[PDB]
Amino acid sequence: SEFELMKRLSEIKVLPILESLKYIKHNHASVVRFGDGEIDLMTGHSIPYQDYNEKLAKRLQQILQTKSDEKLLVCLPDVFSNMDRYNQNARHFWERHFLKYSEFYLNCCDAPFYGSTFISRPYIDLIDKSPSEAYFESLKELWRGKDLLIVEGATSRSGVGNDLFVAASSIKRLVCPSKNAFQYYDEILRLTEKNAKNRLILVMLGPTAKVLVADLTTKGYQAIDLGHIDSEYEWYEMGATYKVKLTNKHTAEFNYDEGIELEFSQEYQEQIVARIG
Ligand SMILES: O=c1ccn([C@@H]2O[C@H](COP(=O)(O)OP(=O)(O)O)[C@@H](O)[C@H]2O)c(=O)[nH]1
C-alpha cells in the first residue's frame, strides 16, 4: 500500500550534497531545487511565503520536466533512499509528504538523475553532522574569488553577520519581497539581468527563485538556487542541535517572519543595488 509507494519512489536517484556540488562545478551549471513547498504550489496549494499562482505553478512544472543538462542541475529532496541519514522527525515529515503527493511524485520525475535539494540544507536534520564542514567548505568554493549578485528577500540577509561569503570578491544584492516575490516577478527578472554582468548569481527566493534561475539560464546566465543556506550556516556555526529562531533575520521554517529585530549592517547596505516591492 503506502509502503509499496515508498519503494517505487526509491527509483528516483538523487546525487547527495557533495556529489551535487561536483556536477555544478564541472558544467558550471545553474542549479534549481524543488522542495516540499514547490510540490505544494504545483499541486495547487499556498505556502507560508508564496500564495498559489497559476503561472508560477505551470512554470515550476515545466522546469521540473527539464532534464538535468549541461546548463542546469534540477534537484529533488534527497529522501528517496537512505532516509536513515536524517533524524526521526525529518524522516516522518518527508515520507508523509511524498505519500500525500503520491499522485504527483509517481508521474513527475523520470529523469535519469537529480541533484540534491539539500545542498542548501546541509546540517540541521542530519544525524551525523561530520561531513557538514566538508559540505560548507565545498559550497564556499562556488563563490571564492567570484563577483556575486545575490537575489534574495528583505529578511533573508544571506551571510549578514557571518563569514559565509567573506571570500567573494564583491557582492551586489537585489533585495526583493520576503513573501510573495512572484507578485513582482517581471521586475525581479528585469533587474537581475541588468545587474548580473560578469557575476555569479545566487538566488534565495523560495518558489520564485526556481523560475528566476530557469529564465536566467535561458538567457545564458549561471544562477544557483541556494534557498535557506544562511539559516543552516548560522545553526552550524552555533553548533546547534535543533532549529533555533534567529533574532536578526529570517529563519528557515519560521516563515511568517514574525519577531525579527533588524539591524543596520552598513556592509550589507552598501551591497544593495536596488529594492523591489
Ligand atoms: O517570496 C519569497 C519567498 C522566499 N524568500 C526567501 O527564500 C529563502 C528560502 O528559499 P527556499 O524555499 O528555496 O529554501 P530551501 O528551504 O529550499 O533551502 C529565504 O531566504 C526566504 O526569506 C523570499 O525572500 N521571498
# chains A, B, ... in the order shown; residues from 1 in each chain; ligands from 1
call {"tool": "residues_near_ligand", "arguments": {"ligand": "ligand 1", "cutoff": "7 Å", "atoms": "only C-alpha atoms and all ligand atoms", "output": "count of residues only"}}
result
35
call {"tool": "closest_atom_pairs", "arguments": {"of": "stretch 198-264 of chain A", "to": "stretch 6-28 of chain A", "cutoff": "12 Å", "atoms": "only C-alpha atoms", "output": "tab-separated table"}}
result
residue	atom	partner	partner_atom	distance
A:200	CA	A:28	CA	10.0
A:201	CA	A:28	CA	11.8
A:217	CA	A:28	CA	11.3
A:220	CA	A:28	CA	11.6
A:221	CA	A:28	CA	10.0
A:222	CA	A:28	CA	7.1
A:223	CA	A:28	CA	9.4
A:224	CA	A:24	CA	9.0
A:225	CA	A:24	CA	11.5
A:226	CA	A:21	CA	11.8
call {"tool": "write_last_selection", "arguments": {"atoms": "N, CA and C atoms", "output": "mmCIF file, in the first residue's frame"}}
result
data_model
loop_
_atom_site.group_PDB
_atom_site.id
_atom_site.type_symbol
_atom_site.label_atom_id
_atom_site.label_comp_id
_atom_site.auth_asym_id
_atom_site.auth_seq_id
_atom_site.Cartn_x
_atom_site.Cartn_y
_atom_site.Cartn_z
ATOM 1 N N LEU A 200 28.462 35.735 -10.840
ATOM 2 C CA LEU A 200 27.755 34.516 -10.458
ATOM 3 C C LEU A 200 26.507 34.926 -9.677
ATOM 4 N N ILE A 201 25.347 34.402 -10.074
ATOM 5 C CA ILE A 201 24.087 34.789 -9.449
ATOM 6 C C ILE A 201 23.688 33.747 -8.423
ATOM 7 N N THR A 217 18.880 31.177 -16.884
ATOM 8 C CA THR A 217 19.609 30.118 -17.563
ATOM 9 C C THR A 217 19.235 30.092 -19.046
ATOM 10 N N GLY A 220 21.164 32.685 -20.749
ATOM 11 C CA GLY A 220 22.597 32.434 -20.761
ATOM 12 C C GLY A 220 23.391 32.525 -19.466
ATOM 13 N N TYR A 221 22.755 32.928 -18.365
ATOM 14 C CA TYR A 221 23.481 33.124 -17.104
ATOM 15 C C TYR A 221 23.562 31.873 -16.244
ATOM 16 N N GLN A 222 24.628 31.771 -15.455
ATOM 17 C CA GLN A 222 24.701 30.767 -14.396
ATOM 18 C C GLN A 222 24.105 31.324 -13.105
ATOM 19 N N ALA A 223 23.099 30.631 -12.589
ATOM 20 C CA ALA A 223 22.408 31.074 -11.393
ATOM 21 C C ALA A 223 22.233 29.876 -10.481
ATOM 22 N N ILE A 224 22.564 30.045 -9.201
ATOM 23 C CA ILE A 224 22.469 28.946 -8.249
ATOM 24 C C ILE A 224 21.428 29.247 -7.171
ATOM 25 N N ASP A 225 20.406 28.399 -7.117
ATOM 26 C CA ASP A 225 19.335 28.473 -6.122
ATOM 27 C C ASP A 225 19.856 27.933 -4.785
ATOM 28 N N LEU A 226 20.081 28.841 -3.830
ATOM 29 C CA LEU A 226 20.697 28.461 -2.554
ATOM 30 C C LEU A 226 19.759 28.592 -1.355
#
call {"tool": "select_by_dssp", "arguments": {"residues": "stretch 35-266 of chain A", "states": "helix (DSSP H, G or I)", "output": "ChimeraX atom specification"}}
result
/A:36-42,54-64,83-85,88-100,102-108,117-120,131-140,181-195,206-218,229-237,266
call {"tool": "atom_distance", "arguments": {"atom1": "atom CA of residue A:233", "atom2": "atom CA of residue A:163"}}
result
9.4 Å
call {"tool": "closest_atom_pairs", "arguments": {"of": "stretch 131-150 of chain A", "to": "stretch 237-248 of chain A", "cutoff": "12 Å", "atoms": "only C-alpha atoms", "output": "Markdown table"}}
result
| residue | atom | partner | partner_atom | distance |
| --- | --- | --- | --- | --- |
| A:132 | CA | A:237 | CA | 10.6 |
| A:133 | CA | A:237 | CA | 9.9 |
| A:136 | CA | A:237 | CA | 10.4 |
call {"tool": "closest_residue", "arguments": {"among": "A:218, A:143, A:259, A:183", "to": "residue A:165", "atoms": "only C-alpha atoms"}}
result
A:143
call {"tool": "select_by_dssp", "arguments": {"residues": "stretch 38-265 of chain A", "states": "strand (DSSP E or B)", "output": "number ranges by chain"}}
result
A: 47, 50, 72-76, 86, 114-116, 126, 147-153, 170-176, 200-204, 223-225
call {"tool": "residues_around", "arguments": {"residues": "stretch 169-173 of chain A", "least_positions_apart": "3", "cutoff": "10 Å", "atoms": "only C-alpha atoms", "output": "JSON, numbers by chain"}}
result
{"A": [143, 144, 145, 146, 147, 148, 149, 150, 151, 152, 153, 157, 158, 165, 166, 176, 192, 195, 196, 199, 200, 201, 202, 203, 267, 268, 269, 270, 271, 272, 273, 274, 275]}
call {"tool": "closest_residue", "arguments": {"among": "A:111, A:31, A:126, A:99", "to": "residue A:142", "atoms": "only C-alpha atoms"}}
result
A:31
call {"tool": "closest_residue", "arguments": {"among": "A:83, A:134, A:211, A:260", "to": "residue A:63", "atoms": "only C-alpha atoms"}}
result
A:211
call {"tool": "closest_residue", "arguments": {"among": "A:261, A:125, A:2, A:186", "to": "residue A:235", "atoms": "only C-alpha atoms"}}
result
A:125
call {"tool": "atom_distance", "arguments": {"atom1": "atom CA of residue A:188", "atom2": "atom CA of residue A:54"}}
result
18.3 Å
call {"tool": "closest_residue", "arguments": {"among": "A:213, A:32, A:189, A:160", "to": "residue A:73", "atoms": "only C-alpha atoms"}}
result
A:32
call {"tool": "closest_residue", "arguments": {"among": "A:266, A:102, A:61, A:66", "to": "residue A:4", "atoms": "only C-alpha atoms"}}
result
A:102
call {"tool": "atom_distance", "arguments": {"atom1": "atom CA of residue A:52", "atom2": "atom CA of residue A:219"}}
result
25.9 Å
call {"tool": "decode", "arguments": {"residues": "stretch 175-212 of chain A", "atoms": "N, CA and C atoms", "output": "PDB file, in the first residue's frame"}}
result
ATOM      1  N   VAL A 175      17.352  43.233  -3.538  1.00  0.00           N
ATOM      2  CA  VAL A 175      16.541  42.847  -2.386  1.00  0.00           C
ATOM      3  C   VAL A 175      15.056  42.930  -2.683  1.00  0.00           C
ATOM      4  N   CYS A 176      14.427  41.759  -2.723  1.00  0.00           N
ATOM      5  CA  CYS A 176      13.050  41.559  -3.178  1.00  0.00           C
ATOM      6  C   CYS A 176      12.076  41.352  -2.001  1.00  0.00           C
ATOM      7  N   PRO A 177      10.752  41.184  -2.275  1.00  0.00           N
ATOM      8  CA  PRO A 177       9.872  40.952  -1.118  1.00  0.00           C
ATOM      9  C   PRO A 177      10.140  39.627  -0.398  1.00  0.00           C
ATOM     10  N   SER A 178       9.962  39.618   0.925  1.00  0.00           N
ATOM     11  CA  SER A 178      10.259  38.457   1.762  1.00  0.00           C
ATOM     12  C   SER A 178       9.179  37.385   1.593  1.00  0.00           C
ATOM     13  N   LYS A 179       8.023  37.798   1.090  1.00  0.00           N
ATOM     14  CA  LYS A 179       6.928  36.875   0.803  1.00  0.00           C
ATOM     15  C   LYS A 179       6.287  37.307  -0.503  1.00  0.00           C
ATOM     16  N   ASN A 180       5.757  36.344  -1.254  1.00  0.00           N
ATOM     17  CA  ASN A 180       5.032  36.652  -2.481  1.00  0.00           C
ATOM     18  C   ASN A 180       5.846  37.469  -3.477  1.00  0.00           C
ATOM     19  N   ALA A 181       7.134  37.154  -3.553  1.00  0.00           N
ATOM     20  CA  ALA A 181       8.004  37.795  -4.508  1.00  0.00           C
ATOM     21  C   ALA A 181       7.514  37.596  -5.931  1.00  0.00           C
ATOM     22  N   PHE A 182       6.712  36.554  -6.173  1.00  0.00           N
ATOM     23  CA  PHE A 182       6.209  36.337  -7.518  1.00  0.00           C
ATOM     24  C   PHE A 182       5.282  37.472  -7.999  1.00  0.00           C
ATOM     25  N   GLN A 183       4.629  38.168  -7.060  1.00  0.00           N
ATOM     26  CA  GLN A 183       3.801  39.357  -7.372  1.00  0.00           C
ATOM     27  C   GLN A 183       4.572  40.429  -8.131  1.00  0.00           C
ATOM     28  N   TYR A 184       5.902  40.360  -8.063  1.00  0.00           N
ATOM     29  CA  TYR A 184       6.776  41.372  -8.643  1.00  0.00           C
ATOM     30  C   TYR A 184       7.754  40.704  -9.600  1.00  0.00           C
ATOM     31  N   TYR A 185       7.388  39.519 -10.086  1.00  0.00           N
ATOM     32  CA  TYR A 185       8.318  38.718 -10.887  1.00  0.00           C
ATOM     33  C   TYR A 185       8.958  39.416 -12.079  1.00  0.00           C
ATOM     34  N   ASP A 186       8.143  40.090 -12.883  1.00  0.00           N
ATOM     35  CA  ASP A 186       8.657  40.752 -14.075  1.00  0.00           C
ATOM     36  C   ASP A 186       9.817  41.708 -13.758  1.00  0.00           C
ATOM     37  N   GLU A 187       9.674  42.523 -12.715  1.00  0.00           N
ATOM     38  CA  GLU A 187      10.746  43.445 -12.332  1.00  0.00           C
ATOM     39  C   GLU A 187      12.004  42.716 -11.836  1.00  0.00           C
ATOM     40  N   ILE A 188      11.811  41.699 -11.002  1.00  0.00           N
ATOM     41  CA  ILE A 188      12.948  40.980 -10.440  1.00  0.00           C
ATOM     42  C   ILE A 188      13.820  40.425 -11.555  1.00  0.00           C
ATOM     43  N   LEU A 189      13.177  39.817 -12.546  1.00  0.00           N
ATOM     44  CA  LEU A 189      13.908  39.263 -13.663  1.00  0.00           C
ATOM     45  C   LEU A 189      14.614  40.378 -14.440  1.00  0.00           C
ATOM     46  N   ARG A 190      13.918  41.495 -14.630  1.00  0.00           N
ATOM     47  CA  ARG A 190      14.450  42.617 -15.404  1.00  0.00           C
ATOM     48  C   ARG A 190      15.733  43.179 -14.764  1.00  0.00           C
ATOM     49  N   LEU A 191      15.700  43.429 -13.461  1.00  0.00           N
ATOM     50  CA  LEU A 191      16.866  43.990 -12.767  1.00  0.00           C
ATOM     51  C   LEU A 191      17.984  42.972 -12.506  1.00  0.00           C
ATOM     52  N   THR A 192      17.625  41.701 -12.355  1.00  0.00           N
ATOM     53  CA  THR A 192      18.662  40.696 -12.174  1.00  0.00           C
ATOM     54  C   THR A 192      19.540  40.668 -13.409  1.00  0.00           C
ATOM     55  N   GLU A 193      18.901  40.616 -14.576  1.00  0.00           N
ATOM     56  CA  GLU A 193      19.623  40.657 -15.839  1.00  0.00           C
ATOM     57  C   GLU A 193      20.548  41.872 -15.966  1.00  0.00           C
ATOM     58  N   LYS A 194      20.030  43.050 -15.633  1.00  0.00           N
ATOM     59  CA  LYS A 194      20.798  44.295 -15.745  1.00  0.00           C
ATOM     60  C   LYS A 194      22.009  44.300 -14.814  1.00  0.00           C
ATOM     61  N   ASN A 195      21.890  43.614 -13.684  1.00  0.00           N
ATOM     62  CA  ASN A 195      22.922  43.691 -12.662  1.00  0.00           C
ATOM     63  C   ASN A 195      23.884  42.518 -12.640  1.00  0.00           C
ATOM     64  N   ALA A 196      23.699  41.578 -13.560  1.00  0.00           N
ATOM     65  CA  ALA A 196      24.379  40.294 -13.482  1.00  0.00           C
ATOM     66  C   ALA A 196      25.600  40.180 -14.372  1.00  0.00           C
ATOM     67  N   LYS A 197      25.943  41.252 -15.073  1.00  0.00           N
ATOM     68  CA  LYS A 197      27.081  41.185 -15.983  1.00  0.00           C
ATOM     69  C   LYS A 197      28.363  40.784 -15.250  1.00  0.00           C
ATOM     70  N   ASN A 198      28.965  39.696 -15.714  1.00  0.00           N
ATOM     71  CA  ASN A 198      30.206  39.157 -15.152  1.00  0.00           C
ATOM     72  C   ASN A 198      30.103  38.700 -13.694  1.00  0.00           C
ATOM     73  N   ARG A 199      28.887  38.397 -13.249  1.00  0.00           N
ATOM     74  CA  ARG A 199      28.690  37.891 -11.895  1.00  0.00           C
ATOM     75  C   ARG A 199      28.068  36.502 -11.855  1.00  0.00           C
ATOM     76  N   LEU A 200      28.462  35.735 -10.840  1.00  0.00           N
ATOM     77  CA  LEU A 200      27.755  34.516 -10.458  1.00  0.00           C
ATOM     78  C   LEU A 200      26.507  34.926  -9.677  1.00  0.00           C
ATOM     79  N   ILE A 201      25.347  34.402 -10.074  1.00  0.00           N
ATOM     80  CA  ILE A 201      24.087  34.789  -9.449  1.00  0.00           C
ATOM     81  C   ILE A 201      23.688  33.747  -8.423  1.00  0.00           C
ATOM     82  N   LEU A 202      23.404  34.187  -7.199  1.00  0.00           N
ATOM     83  CA  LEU A 202      22.916  33.270  -6.176  1.00  0.00           C
ATOM     84  C   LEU A 202      21.521  33.734  -5.822  1.00  0.00           C
ATOM     85  N   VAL A 203      20.571  32.808  -5.774  1.00  0.00           N
ATOM     86  CA  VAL A 203      19.187  33.197  -5.539  1.00  0.00           C
ATOM     87  C   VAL A 203      18.625  32.526  -4.295  1.00  0.00           C
ATOM     88  N   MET A 204      18.087  33.338  -3.382  1.00  0.00           N
ATOM     89  CA  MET A 204      17.433  32.833  -2.179  1.00  0.00           C
ATOM     90  C   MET A 204      16.054  33.456  -2.118  1.00  0.00           C
ATOM     91  N   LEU A 205      15.081  32.805  -2.748  1.00  0.00           N
ATOM     92  CA  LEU A 205      13.811  33.480  -3.005  1.00  0.00           C
ATOM     93  C   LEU A 205      12.657  32.501  -3.199  1.00  0.00           C
ATOM     94  N   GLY A 206      12.667  31.400  -2.450  1.00  0.00           N
ATOM     95  CA  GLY A 206      11.522  30.497  -2.445  1.00  0.00           C
ATOM     96  C   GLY A 206      11.152  30.010  -3.831  1.00  0.00           C
ATOM     97  N   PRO A 207       9.850  29.839  -4.099  1.00  0.00           N
ATOM     98  CA  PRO A 207       9.476  29.303  -5.413  1.00  0.00           C
ATOM     99  C   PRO A 207       9.837  30.223  -6.573  1.00  0.00           C
ATOM    100  N   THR A 208       9.878  31.524  -6.323  1.00  0.00           N
ATOM    101  CA  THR A 208      10.248  32.476  -7.362  1.00  0.00           C
ATOM    102  C   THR A 208      11.674  32.250  -7.850  1.00  0.00           C
ATOM    103  N   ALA A 209      12.549  31.831  -6.938  1.00  0.00           N
ATOM    104  CA  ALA A 209      13.930  31.548  -7.271  1.00  0.00           C
ATOM    105  C   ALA A 209      14.062  30.520  -8.384  1.00  0.00           C
ATOM    106  N   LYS A 210      13.173  29.531  -8.384  1.00  0.00           N
ATOM    107  CA  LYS A 210      13.260  28.453  -9.360  1.00  0.00           C
ATOM    108  C   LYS A 210      12.992  28.968 -10.783  1.00  0.00           C
ATOM    109  N   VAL A 211      11.983  29.825 -10.927  1.00  0.00           N
ATOM    110  CA  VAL A 211      11.652  30.385 -12.242  1.00  0.00           C
ATOM    111  C   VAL A 211      12.737  31.378 -12.661  1.00  0.00           C
ATOM    112  N   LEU A 212      13.209  32.181 -11.711  1.00  0.00           N
ATOM    113  CA  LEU A 212      14.323  33.090 -11.978  1.00  0.00           C
ATOM    114  C   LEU A 212      15.549  32.347 -12.514  1.00  0.00           C
TER     115      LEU A 212
END
